[PDB]
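Just one chain follows, in the form deposited in one PDB entry, and it is written as structure tokens.
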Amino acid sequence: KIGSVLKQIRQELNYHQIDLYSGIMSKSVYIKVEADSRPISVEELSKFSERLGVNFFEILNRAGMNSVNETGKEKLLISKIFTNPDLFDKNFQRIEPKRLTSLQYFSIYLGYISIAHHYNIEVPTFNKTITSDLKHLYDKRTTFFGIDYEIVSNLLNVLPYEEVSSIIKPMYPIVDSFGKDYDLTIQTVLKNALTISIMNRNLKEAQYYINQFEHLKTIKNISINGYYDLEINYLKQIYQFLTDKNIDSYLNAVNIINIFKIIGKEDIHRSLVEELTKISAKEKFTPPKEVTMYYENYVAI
């Protein structure tokens, strides 16, 4: 872990053991730290971190913090259980019971309920406990962490918008950034939410999400996800088309879909194309020959 990494970085930058502990601990003590035979304090690592000049978060990662613990494992097992709907059964029975052990397990658990509805496996349990679970986790909350946003994102995918919208309102506006991981999670929710909104032609909720996202940009140090910014901006375009049948807005939307293709985002392109097709279909309006030609051969697969 840490200790090794410190000795490594220390020597790389050509610092003697002395430059690191000089005014932080004993040589007898510091040797124990590099030997990985004495836990280092968060505050201590921090000082060494500065002395060396290498970022604290980097040192941690360079020492193994990354899917490196009980819950970490349980989470990886879903990308696999996805591509093997039979490796399900034995796993859904060990998790289901402990789905409220911590917020992280509720996420994972919802991850299975997703894989379920997908391949169409059975989950009669989900229908008779989702409401009980939610109340137990979001009835008396005053603060939300990354994991809560991750959870709401999973919920949106396995639950009718009506059942999840109540949970969301209390989680925005965001006023601070608590890391890049946190920044990403709080943004995913807005994207998912907005997409669904635009899809139910629920313009009032759409505007709300579009606005929450515009707000995030003003937050000091927040790391906006470019792909998201580009997709939400596409949704903002459709939003204007639904509001005043603006033609430029429709063009801007088609245009952004093409950009996603031009930069190699096959997945997002397919999604945004099928998305645009349906929307127009409802508006009783035909999309360009371009987009439709893509839809077909995305059905021929």
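Each residue number is its position in the shown sequence, starting from 1. Residues that one form lacks are left out of the comparison. Here, rigid core means the biggest group of C-alpha atoms that superpose within 1.5 Å across both forms.
- In this entry, residue 66 is separated from residue 67 by 1 to 3 residues of the deposited sequence that have no coordinates.
- Between 277-285 and 16-24, it is 16-24 that carries the larger average Cα temperature factor according to the deposited entry.
- Averaged over CA atoms, B-factors in the entry run higher in 149-157 than in the other of 226-234 and 149-157.
- When the C-alpha B-factors of 52, 262, 251, 33 are read from the PDB record, the largest value belongs to 33.
- Per the deposited coordinates, the residue with the largest Cα temperature factor out of 110, 186, 203, 193 is 110.
- Annotation for residue 247: C-alpha temperature factor in the middle third relative to the rest of the modelled chain, per the entry.
- Remark: residue 29 belongs to the highest third of its chain, ranked by C-alpha B-factor as recorded.
- Sort the chain's modelled residues by C-alpha temperature factor and residue 269 lands in the lowest third, per the entry.
- Residue 136 sits in the middle third of its chain by CA B factor, as recorded in the PDB entry.
- Residue 179 sits in the middle third of its chain by CA B factor, as recorded in the PDB entry.
The discussion below concerns the form deposited with a partner chain bound, not included here.
- Exactly one listed residue, out of 75, 201, 215, 117, brings a non-hydrogen atom to within 4.5 Å of its partner chain in the bound PDB entry: 75.
- Distance criterion of 4.5 Å from any heavy atom to its partner chain in the bound PDB entry singles out 181 from the list 89, 181, 162, 122.
- Within 4.5 Å of any heavy atom of its partner chain in the bound PDB entry lies no heavy atom of residue 167.
- Using a 4.5 angstroms limit between non-hydrogen atoms, residue 275 touches its partner chain in the bound PDB entry.
- Residue contact check for residue 134: none of its heavy atoms lie within 4.5 Å of its partner chain in the bound PDB entry.
- Not displayed here, its partner chain is kept clear of residue 81 by more than 4.5 Å at the level of heavy atoms in the bound PDB entry.
- Contact with its partner chain, judged by heavy atoms within 4.5 Å in the bound PDB entry, is confined among 189-197, 123-131, 202-210, 89-97 to 189-197.
- Listed alone, the one run of 3 or more residues present in both forms whose C-alphas shift by at least 2 angstroms between the shown form and the other one, with the core superposed, is 278-283.
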